[PDB]
Every structure is written in C-alpha cells, then in structure tokens.
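This text opens with one protein chain seen in two forms, each one given by itself as structure tokens under the names structure 1 and structure 2.
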Structure 1
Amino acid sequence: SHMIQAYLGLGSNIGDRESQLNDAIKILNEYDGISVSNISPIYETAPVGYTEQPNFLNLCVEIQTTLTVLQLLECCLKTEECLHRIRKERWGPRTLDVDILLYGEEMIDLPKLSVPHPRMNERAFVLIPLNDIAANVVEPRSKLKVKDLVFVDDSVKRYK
C-alpha cells in the first residue's frame, strides 16, 4: 500500500473538450487505487502531429496511487475507451487522450509502456501545464526538474 505520486497528461480536441477533461478526472478519481490530488489549469494548444485538425485543450493531473504503473495504464485506457463513445452518430465521435507522464521518480521501459513519457520533453502542451503542478519534480531521463525543462511556446495559451 506504498503510495506513489504520479502525473498524467490529458487532452481533447473534438466535442465538448472541457467536459471531456473534467469527466476523465472524475473517472480516474473513482478507482479505489487512485486519488486525484491536484489539477493544472487548462491550456488551449495548437495541434501537434497533423496540423489540419482542431486545437486541443490540455491539462495535467497529480494523483496519489497504490496501483502499479501497468495497472495505472489500464485505468487510463479504460477511461479513454469510455469517453470516446459516441453520443449521437451525426455529432461524430468524441476524443480524449490520457497519458502517464511521471510515476514517482521511476524510469520504466517496457514494450507496452515508457515512463516518463519518452518525447514528452518536446511537448509544450505537456510541460506548460505540468509546470503548474509539478515544477519541482525531477524528470528522470533528463535529470531536470519540470521547471527547468519547460520552455516558451506561443502556441500554448491558458484557456481560463
């Protein structure tokens, strides 16, 4: 029953984006082994990867968890599946991504999962809201605290 502090990155660009983020946090906190303990501000962020698609809202969440990293990944996938479900066929699918950004101070390298997220230091839509709740946490690949990894990116703006 060793409690680990972990940080998750959440994002949605289709549908009621703020509602997708809020629901994901609520679902995650409903698992017995996960307690949501802090939430970053939401940021609106230009899309990374394909450029012709809507802007994302992104945030990060701090959790206190007794789950293993792979148990945590299970809860994340179960939460994505759930919030992807269509409401009305004609309104289209909904999106939500939930990624594990940090799990304690551990480095994990498995075929099914790398934590810290391996290219997360490339992504302002991760590091800017991460810095609001995890400024002093050391990211173990780089050995930098989040506050020192974070960089200026004008494509990421506070949403509210």
Structure 2
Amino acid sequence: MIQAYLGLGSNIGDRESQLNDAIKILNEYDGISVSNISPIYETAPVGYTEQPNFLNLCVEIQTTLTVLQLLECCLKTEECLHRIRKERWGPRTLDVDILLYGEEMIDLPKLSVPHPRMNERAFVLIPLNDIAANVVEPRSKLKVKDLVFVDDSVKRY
C-alpha cells in the first residue's frame, strides 16, 4: 500500500457536485481507498487567459495500484464527468492530477510525478498542506509545510 495525493479541480458546471462525485468514483475503484479530503478552495485561474474561477481540493489515497494504473483511474473519472477536450484549453468539469505517489519520482512521456508544477501552485499547496503538511516532496526534499506560501487568490469556499 502506497500513500498518494491527488489534486482535483473544476471550473464549469456545478463545481462542488462534480468534485464530490469524482471523489466517490475514485474511491469505488478497487485498489484506491480515499483516506482524507482537504477543504475546498475557490481559486483564481493560473497559467492561461481570464477564465472562470476553480474549486480545487486535494485527496489522500491509500493505493495498491501502480502509478500508471492510478493514472488510468484518474482519467476515467474525468470521462465519467464528461470533460471536453477541444483544440485549445478551456474550462473543465473535472481535472484529476497525480501530485505525489509515495516518495517516487516518475518521468515518462504520459506521466510526471511529482506533478511538475505543484511546488509553485498555491491552489495545490494550500489544500495539500491541510492533509499532507509533513509529507516530503521528493525532488525538493522539503515537506509540504515548508513549500506552502500565502496566496490571497486561494480562499476557503
């Protein structure tokens, strides 16, 4: 059994209902057991143009899946939630990102763990710190509580 952390996001549709449904679906896969869920935060979009605000959270799982098996479950969950994939990025019903998989470092064309952008994302680190403050991010070798930073664009929902 591996302790892993997922980052979830939604910025279109009924954001909160979609996040809750996603967690339930994730938990229903054999080999994934949801053990903790952060508070939900409303967050300003980063890395693109002006877009509707996100609801973001983090989830702790105990898994017996390999990290690629896990990734398949994450992407299937997005499909259950009807996520649209057009030529250009836009708002999405659900995004399920693998943040951390134990202390492992994976670099494959289809999978990068720890997530390559997490250490500079408040919408990740603030909810992650609520459930994983003492977990080590293996690239930096820092605990989450030593990466997190204050960011007024991330608010409790």
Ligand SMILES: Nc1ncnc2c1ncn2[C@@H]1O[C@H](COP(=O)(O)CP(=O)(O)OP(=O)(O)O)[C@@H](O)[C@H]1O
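Take the two forms, find the largest set of C-alpha atoms that superpose within 1.5 Å, and that set is the rigid core. FYI, numbering is relative to structure 1, first residue = 1.
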Name the structure that matches the description of the form solved without the named molecule.
-> 1
Of 104, 54, 41, 92, the one whose Cα moves 2 Å or more between structure 1 and structure 2 after core superposition | 92
Give the C-alpha shift of residue 145 between structure 1 and structure 2, in Å, after superposing the two forms on their rigid core.
-> 0.3
Quick one: how many Å does the C-alpha of residue 119 shift between structure 1 and structure 2 once the rigid core is superposed?
-> 1.3
